[PDB]
Every structure is written in C-alpha cells, then in structure tokens.
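**Q** Below you'll find the structure I mean.
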Amino acid sequence: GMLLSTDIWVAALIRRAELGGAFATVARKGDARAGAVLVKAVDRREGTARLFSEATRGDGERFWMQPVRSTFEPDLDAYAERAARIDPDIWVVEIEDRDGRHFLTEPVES
C-alpha cells in the first residue's frame with residue numbers, strides 16, 4: 001500500500017489549506033514518525049469554529065473525529081493544550097479558513 005508519516009500529512013495539509021486561501025499553520029510538532037495530530041478549523045467568515053482529533057478503529061483504520069462537542073472558542077483552544085499533557089508527542093494544525101474548511105485528505109466526522 002503506502003507508508004505516510006505524521007510530518008507528511010502536516011506538510012501536505014498546510015499546503016492545500018493555504019491553497020484554498022486559509023491562514024493555516026502548524027502549532028505543535030510531535031514525532032515525525034509516531035506522533036498524533038489535532039486539526040482545529042476556525043470559520044472567521046461566519047464567526048464559528050470546530051476542532052477535530054484523529055481516532056482509530058479495531059483495525060487501526062483511521063478517521064478525524066471531534067471529541068469536543070462545544071463550539072465555544074476557549075473550549076476548543078484548550079483541547080489543543082489538554083491533549084499534549086497525556087499524548088506522547090502530538091502535532092497541532094490550525095486552519096483559519098473562510099467557510100470552516102479543513103482541506104484534510106481523509107474521512108471526517110461530525
């Protein structure tokens with residue numbers, strides 16, 4: 001199949017997000033092989049936001065879930081501190097888009 005890495009997705013993701021016309025950036029740099037990833041998505045057009053985390057299935061089959069069922073700005077931004085106090089080396093990617101876009105190559109939940 002293929003063999004991506006943590007750095008690879010955060011590279012690709014930033015490039016595509018900026019391409020759409022977001023102020024995307026990486027805000028934490030976990031392990032380049034074996035690090036987890038967060039993706040926050042802030043809609044400055046409407047004045048809304050959301051926040052996504054990776055998750056995996058029984059098979060290690062991966063998705064982007066949203067483990068913070070709030071839309072309040074501090075509740076969200078606090079997650080992207082919180083996680084890193086228990087996750088071993090976790091990345092943070094921030095997508096200040098227009099239309100709350102995420103530019104992720106992968107399945108994402110609601």
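Each chain in the structure tokens gets a letter, A, B, ..., in the order shown, and its residues are numbered from 1; ligands are numbered from 1 in order too.
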Write out as a PyMOL selection string each polymer residue whose atoms come within 7 Å of residue A:65, counting only C-alpha atoms; drop sequence neighbours fewer than 2 positions from it.
**A** chain A and resi 52-55+63+67+108-110
**Q** Using only N, CA, C and O atoms, please write the residues we just selected to a file, as a short mmCIF file (atom, residue, chain, number, x, y, z; two decimals), in the first residue's frame.
**A**
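What follows is the written file part26.cif:
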data_model
loop_
_atom_site.label_atom_id
_atom_site.label_comp_id
_atom_site.auth_asym_id
_atom_site.auth_seq_id
_atom_site.Cartn_x
_atom_site.Cartn_y
_atom_site.Cartn_z
N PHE A 52 -11.08 18.98 15.61
CA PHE A 52 -11.04 17.57 15.28
C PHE A 52 -9.76 16.97 15.86
O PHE A 52 -8.72 17.64 15.96
N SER A 53 -9.81 15.69 16.17
CA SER A 53 -8.71 14.85 16.63
C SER A 53 -8.71 13.64 15.71
O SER A 53 -9.76 13.27 15.17
N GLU A 54 -7.57 12.99 15.56
CA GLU A 54 -7.55 11.66 14.98
C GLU A 54 -8.32 10.70 15.89
O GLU A 54 -8.58 10.97 17.07
N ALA A 55 -8.68 9.54 15.35
CA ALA A 55 -9.08 8.36 16.07
C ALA A 55 -8.80 7.16 15.17
O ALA A 55 -8.63 7.32 13.96
N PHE A 63 -9.70 7.89 11.16
CA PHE A 63 -10.69 8.91 10.87
C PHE A 63 -10.37 10.18 11.68
O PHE A 63 -9.57 10.14 12.61
N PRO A 67 -13.82 15.17 19.35
CA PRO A 67 -14.03 14.79 20.76
C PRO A 67 -14.42 15.96 21.68
O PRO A 67 -14.52 15.76 22.89
N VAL A 108 -13.87 12.40 7.82
CA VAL A 108 -14.06 13.27 8.96
C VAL A 108 -15.53 13.27 9.40
O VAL A 108 -16.45 13.32 8.58
N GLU A 109 -15.71 13.16 10.71
CA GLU A 109 -16.97 13.01 11.44
C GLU A 109 -17.52 14.36 11.90
O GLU A 109 -16.92 15.42 11.69
N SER A 110 -18.70 14.32 12.52
CA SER A 110 -19.49 15.49 12.85
C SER A 110 -20.12 15.29 14.22
O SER A 110 -19.43 14.80 15.13
#
**Q** Can you list, as an MDAnalysis selection string, every protein, DNA or RNA residue that comes within 8 Å of stretch 75-89 of chain A when you count only C-alpha atoms, leaving out same-chain residues fewer than 6 positions away?
**A** chainID A and resid 29:31 35:36 38 40 50:51 68
**Q** Would you mind writing down, as a ChimeraX atom specification, each residue of stretch 9-94 of chain A that DSSP on the backbone assigns to helix (DSSP H, G or I)?
**A** /A:9-20,73-85
**Q** Write out as a PDB file with N, CA and C atoms, in the first residue's frame the set of residues from chain A that DSSP, computed on the backbone, places in strand (DSSP E or B).
**A**
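As written to disk, part.pdb reads:
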ATOM      1  N   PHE A  23      -5.506  30.926   6.493  1.00  0.00           N
ATOM      2  CA  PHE A  23      -4.308  31.136   7.292  1.00  0.00           C
ATOM      3  C   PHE A  23      -4.071  29.851   8.084  1.00  0.00           C
ATOM      4  N   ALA A  24      -3.542  28.834   7.406  1.00  0.00           N
ATOM      5  CA  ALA A  24      -3.220  27.575   8.040  1.00  0.00           C
ATOM      6  C   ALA A  24      -1.800  27.648   8.585  1.00  0.00           C
ATOM      7  N   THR A  25      -1.512  26.967   9.690  1.00  0.00           N
ATOM      8  CA  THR A  25      -0.145  26.742  10.144  1.00  0.00           C
ATOM      9  C   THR A  25      -0.088  25.526  11.070  1.00  0.00           C
ATOM     10  N   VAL A  26       1.122  25.029  11.304  1.00  0.00           N
ATOM     11  CA  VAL A  26       1.395  24.015  12.305  1.00  0.00           C
ATOM     12  C   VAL A  26       1.760  24.756  13.589  1.00  0.00           C
ATOM     13  N   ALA A  27       1.159  24.344  14.703  1.00  0.00           N
ATOM     14  CA  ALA A  27       1.282  24.992  16.004  1.00  0.00           C
ATOM     15  C   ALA A  27       1.900  24.067  17.056  1.00  0.00           C
ATOM     16  N   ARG A  28       2.248  22.831  16.686  1.00  0.00           N
ATOM     17  CA  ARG A  28       2.934  21.870  17.544  1.00  0.00           C
ATOM     18  C   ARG A  28       3.547  20.817  16.639  1.00  0.00           C
ATOM     19  N   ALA A  36       0.848  11.828  17.095  1.00  0.00           N
ATOM     20  CA  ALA A  36      -0.568  12.032  16.796  1.00  0.00           C
ATOM     21  C   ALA A  36      -0.783  13.432  16.204  1.00  0.00           C
ATOM     22  N   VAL A  37      -1.997  13.766  15.758  1.00  0.00           N
ATOM     23  CA  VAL A  37      -2.311  15.054  15.134  1.00  0.00           C
ATOM     24  C   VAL A  37      -3.689  15.556  15.585  1.00  0.00           C
ATOM     25  N   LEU A  38      -3.785  16.858  15.876  1.00  0.00           N
ATOM     26  CA  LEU A  38      -5.038  17.602  16.003  1.00  0.00           C
ATOM     27  C   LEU A  38      -5.228  18.502  14.791  1.00  0.00           C
ATOM     28  N   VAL A  39      -6.486  18.800  14.458  1.00  0.00           N
ATOM     29  CA  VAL A  39      -6.837  19.748  13.401  1.00  0.00           C
ATOM     30  C   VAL A  39      -7.987  20.625  13.894  1.00  0.00           C
ATOM     31  N   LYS A  40      -7.725  21.891  14.208  1.00  0.00           N
ATOM     32  CA  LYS A  40      -8.756  22.864  14.551  1.00  0.00           C
ATOM     33  C   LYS A  40      -9.115  23.638  13.281  1.00  0.00           C
ATOM     34  N   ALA A  41     -10.373  24.056  13.171  1.00  0.00           N
ATOM     35  CA  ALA A  41     -10.964  24.618  11.965  1.00  0.00           C
ATOM     36  C   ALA A  41     -11.820  25.802  12.405  1.00  0.00           C
ATOM     37  N   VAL A  42     -11.369  27.023  12.143  1.00  0.00           N
ATOM     38  CA  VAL A  42     -11.969  28.236  12.679  1.00  0.00           C
ATOM     39  C   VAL A  42     -12.530  29.013  11.492  1.00  0.00           C
ATOM     40  N   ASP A  43     -13.844  29.232  11.483  1.00  0.00           N
ATOM     41  CA  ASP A  43     -14.570  29.962  10.448  1.00  0.00           C
ATOM     42  C   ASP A  43     -14.647  31.437  10.847  1.00  0.00           C
ATOM     43  N   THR A  48     -17.651  31.270  13.524  1.00  0.00           N
ATOM     44  CA  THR A  48     -17.833  29.957  14.144  1.00  0.00           C
ATOM     45  C   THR A  48     -16.492  29.199  14.233  1.00  0.00           C
ATOM     46  N   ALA A  49     -16.446  28.009  14.844  1.00  0.00           N
ATOM     47  CA  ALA A  49     -15.270  27.138  14.857  1.00  0.00           C
ATOM     48  C   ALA A  49     -15.689  25.685  15.089  1.00  0.00           C
ATOM     49  N   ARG A  50     -14.750  24.754  14.911  1.00  0.00           N
ATOM     50  CA  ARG A  50     -14.804  23.350  15.307  1.00  0.00           C
ATOM     51  C   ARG A  50     -13.390  22.845  15.580  1.00  0.00           C
ATOM     52  N   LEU A  51     -13.255  21.667  16.192  1.00  0.00           N
ATOM     53  CA  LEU A  51     -11.955  21.061  16.468  1.00  0.00           C
ATOM     54  C   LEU A  51     -12.055  19.559  16.301  1.00  0.00           C
ATOM     55  N   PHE A  52     -11.079  18.978  15.615  1.00  0.00           N
ATOM     56  CA  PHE A  52     -11.040  17.570  15.284  1.00  0.00           C
ATOM     57  C   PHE A  52      -9.755  16.973  15.863  1.00  0.00           C
ATOM     58  N   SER A  53      -9.806  15.688  16.173  1.00  0.00           N
ATOM     59  CA  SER A  53      -8.711  14.852  16.633  1.00  0.00           C
ATOM     60  C   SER A  53      -8.714  13.638  15.714  1.00  0.00           C
ATOM     61  N   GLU A  54      -7.565  12.994  15.556  1.00  0.00           N
ATOM     62  CA  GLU A  54      -7.554  11.665  14.975  1.00  0.00           C
ATOM     63  C   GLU A  54      -8.320  10.696  15.891  1.00  0.00           C
ATOM     64  N   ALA A  55      -8.679   9.543  15.347  1.00  0.00           N
ATOM     65  CA  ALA A  55      -9.078   8.356  16.075  1.00  0.00           C
ATOM     66  C   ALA A  55      -8.805   7.165  15.170  1.00  0.00           C
ATOM     67  N   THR A  56      -8.841   5.975  15.750  1.00  0.00           N
ATOM     68  CA  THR A  56      -8.615   4.732  15.042  1.00  0.00           C
ATOM     69  C   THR A  56      -9.620   3.677  15.491  1.00  0.00           C
ATOM     70  N   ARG A  62      -8.260   4.646  10.307  1.00  0.00           N
ATOM     71  CA  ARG A  62      -8.214   5.985  10.909  1.00  0.00           C
ATOM     72  C   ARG A  62      -9.290   6.912  10.351  1.00  0.00           C
ATOM     73  N   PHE A  63      -9.700   7.887  11.164  1.00  0.00           N
ATOM     74  CA  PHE A  63     -10.690   8.915  10.873  1.00  0.00           C
ATOM     75  C   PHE A  63     -10.370  10.180  11.675  1.00  0.00           C
ATOM     76  N   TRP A  64     -11.015  11.296  11.330  1.00  0.00           N
ATOM     77  CA  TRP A  64     -10.986  12.541  12.089  1.00  0.00           C
ATOM     78  C   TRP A  64     -12.309  12.687  12.821  1.00  0.00           C
ATOM     79  N   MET A  65     -12.329  12.422  14.119  1.00  0.00           N
ATOM     80  CA  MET A  65     -13.490  12.692  14.952  1.00  0.00           C
ATOM     81  C   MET A  65     -13.400  14.086  15.568  1.00  0.00           C
ATOM     82  N   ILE A  90       2.387  15.094  20.200  1.00  0.00           N
ATOM     83  CA  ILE A  90       1.232  15.310  19.336  1.00  0.00           C
ATOM     84  C   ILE A  90       1.365  16.642  18.602  1.00  0.00           C
ATOM     85  N   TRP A  91       1.047  16.622  17.318  1.00  0.00           N
ATOM     86  CA  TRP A  91       1.037  17.774  16.441  1.00  0.00           C
ATOM     87  C   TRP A  91      -0.290  18.516  16.579  1.00  0.00           C
ATOM     88  N   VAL A  92      -0.306  19.776  16.165  1.00  0.00           N
ATOM     89  CA  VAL A  92      -1.460  20.660  16.191  1.00  0.00           C
ATOM     90  C   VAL A  92      -1.399  21.384  14.857  1.00  0.00           C
ATOM     91  N   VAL A  93      -2.477  21.331  14.083  1.00  0.00           N
ATOM     92  CA  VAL A  93      -2.586  22.049  12.826  1.00  0.00           C
ATOM     93  C   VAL A  93      -3.848  22.894  12.911  1.00  0.00           C
ATOM     94  N   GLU A  94      -3.740  24.141  12.488  1.00  0.00           N
ATOM     95  CA  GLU A  94      -4.712  25.191  12.715  1.00  0.00           C
ATOM     96  C   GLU A  94      -5.101  25.693  11.331  1.00  0.00           C
ATOM     97  N   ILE A  95      -6.399  25.730  11.002  1.00  0.00           N
ATOM     98  CA  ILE A  95      -6.915  26.132   9.694  1.00  0.00           C
ATOM     99  C   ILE A  95      -7.909  27.281   9.920  1.00  0.00           C
ATOM    100  N   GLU A  96      -7.419  28.523   9.983  1.00  0.00           N
ATOM    101  CA  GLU A  96      -8.262  29.716   9.931  1.00  0.00           C
ATOM    102  C   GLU A  96      -8.724  29.908   8.477  1.00  0.00           C
ATOM    103  N   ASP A  97      -9.800  29.216   8.093  1.00  0.00           N
ATOM    104  CA  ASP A  97     -10.380  29.239   6.749  1.00  0.00           C
ATOM    105  C   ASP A  97     -11.393  30.375   6.608  1.00  0.00           C
ATOM    106  N   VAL A 108     -13.870  12.399   7.824  1.00  0.00           N
ATOM    107  CA  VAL A 108     -14.062  13.267   8.964  1.00  0.00           C
ATOM    108  C   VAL A 108     -15.530  13.268   9.401  1.00  0.00           C
TER     109      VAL A 108
END
**Q** Pick out the residues sitting within 8 Å of residue A:99, and hand them over as a ChimeraX atom specification; count only C-alpha atoms, and ignore anything fewer than 5 positions along from it in its own chain.
**A** /A:43-46
**Q** Give me a file of those residues, with N, CA and C atoms, as a compact mmCIF listing (two decimals), in the first residue's frame.
**A**
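Saved file result.txt follows:
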# COMPACT_ATOMS: atom_id res chain seq x y z
N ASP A 43 -13.84 29.23 11.48
CA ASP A 43 -14.57 29.96 10.45
C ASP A 43 -14.65 31.44 10.85
N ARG A 44 -13.66 32.25 10.46
CA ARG A 44 -13.70 33.69 10.74
C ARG A 44 -14.65 34.44 9.79
N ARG A 45 -15.32 33.76 8.84
CA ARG A 45 -16.26 34.43 7.94
C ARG A 45 -17.57 34.62 8.68
N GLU A 46 -18.13 33.52 9.19
CA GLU A 46 -19.37 33.48 9.95
C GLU A 46 -19.11 33.80 11.42
**Q** Distance atom CA of residue A:61-atom CA of residue A:107, one decimal place?
**A**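 Interatomic distance, atom CA of residue A:61 to atom CA of residue A:107: 10.5 Å.
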